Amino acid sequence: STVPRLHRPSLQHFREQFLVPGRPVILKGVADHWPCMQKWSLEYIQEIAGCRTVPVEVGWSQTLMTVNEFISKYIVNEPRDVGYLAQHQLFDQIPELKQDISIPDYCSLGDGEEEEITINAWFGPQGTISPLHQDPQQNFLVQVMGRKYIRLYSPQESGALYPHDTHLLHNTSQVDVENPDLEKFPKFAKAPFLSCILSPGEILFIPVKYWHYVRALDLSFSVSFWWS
């Protein structure tokens, strides 16, 4: 039930053993020496991005503030609520930061165009939680700062995850993974899963439609690549 870790697997090995069957894996030795891994201090983030406006999810509402405000209020000064700079195309907004990352070569195995890969930043304090849900594209999730606990359930287990009925929320589970209501959601308890702690320099492959749940264990910065 652990996600396997592979060092720089060949494109063919990744394609045949993980991409085509839709199996998660952690890629080591791929992003570990990207510039972001050494450069992205809080101070560097403030210097490069501090004055720019970013969307922040407050745990639930959505607001806007500068990066400096986000750091001051939700990171450094004993925050009062949880705030998460989540799912934001920060690298389109701030092209200088795009210099510190790369598109993984494995994305070339997809059917889509490189121009259509979506690169999102996920920057927040210890304790951010993304509830269990599934996405409609493949994902490489690159961990830069801090660690994340991640739980993964196959699409084959969707019945045991009790998706919301609304079309809007049908890709999201009704269950709180880490404190499930087994009186209401009894099938959840026996559903098999994989899990990991994703650390800096590692890349998690989340296959298209794989259900995933994520909790930050430390001050955390991740970069995701959504591709097909």
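Sequential numbering from 1, following the sequence displayed.
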Residues of the deposited sequence that sit between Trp60 and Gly59 yet are not modelled: 4 to 9
With reference to the PDB entry, specify whether the mean Cα temperature factor is higher for 124 to 132 or for 110 to 118. 110 to 118
The stretch whose C-alpha atoms carry the larger average B-factor in the entry, 173 to 181 or 40 to 48, is 40 to 48
Going by the CA temperature factor in the entry, name the top one among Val142, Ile71, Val82, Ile101. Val82
Per the coordinate record, which of the options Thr166, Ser195, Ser199, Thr53 holds the highest CA temperature factor? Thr166
Of the three thirds of Cα B-factor ranks in this chain, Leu19 occupies the middle
Just say lowest, middle or highest third for the CA B-factor of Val67 relative to the other modelled residues in its chain. lowest
Compared with the other modelled residues in the chain, in which third is the CA B-factor of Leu219? middle
Considering every modelled residue of the chain and its Cα B-factor in the PDB entry, is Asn77 in the lowest, middle or highest third? highest
Ranked by Cα temperature factor within the chain, is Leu90 in the lowest third, the middle third or the highest third? middle
